[PDB]
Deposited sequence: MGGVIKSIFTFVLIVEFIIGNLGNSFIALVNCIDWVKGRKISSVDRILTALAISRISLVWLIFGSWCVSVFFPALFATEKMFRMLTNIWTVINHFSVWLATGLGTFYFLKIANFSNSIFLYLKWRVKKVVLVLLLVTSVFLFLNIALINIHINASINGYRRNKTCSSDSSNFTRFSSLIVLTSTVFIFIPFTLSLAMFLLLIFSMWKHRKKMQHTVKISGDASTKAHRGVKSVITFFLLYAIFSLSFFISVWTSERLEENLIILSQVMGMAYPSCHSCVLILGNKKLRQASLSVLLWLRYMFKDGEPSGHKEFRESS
């Protein structure tokens, strides 16, 4: 039963790798092309391309880790790699997750409207707010690095793997930005619903159009949240082949969330449709 599970996990990891690579590469390439040929890019475009760069870095790191675990695994068994690779992974993943959270904050501030003066101040200071949020969050990165390093050092000292708790720490420190992003998304949905309710009563229908793209983000949130809920249960519930399971699980968000951005964004959606129609045309 182990062999079939391992093969299925490897295949799903391979498809995740290729899909994430192609999606993030498409995002970065279209943004760079539009930058080169005039087309003054927007702040959202800059954030999207930076996120794509971070995600391609993360997927390359994870795929290299998998290759090292497959080819000459003796190197992977070394403690030095166990420490260095996880440190670089946590740094890159923290930066990527908080960049995504910054994109969400930019959306929430730019689009949503409220009567609370604090919200108005953050709304009109949005550009400095997101940059400070990215800079101030570095304290979380340093604390995560210190905690993971001390935990692995203690585990090694006791030994002279114990990933059930390192993965727990990673999940705990990944839920922190995710909860804020979910709360902000719910707040924006509430704002849009209230705006449309108020618009449908006084103003006639002839006069919150983003609900069309809200459906896909809800699906992504649900799927990723279910996978993460399964993660904590599986970390202690059963089995011990967590290396491949964790290696595939940690690559879902940067591999699939990018496609959601592609469909949710008008520019990326138009680029995807143009690519599809160009593929059709060249076929002749």
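Could you give the ranges of the deposited sequence that carry no C-alpha coordinates? Seq positions lacking coordinates: 161-173, 221-226, 304-317.
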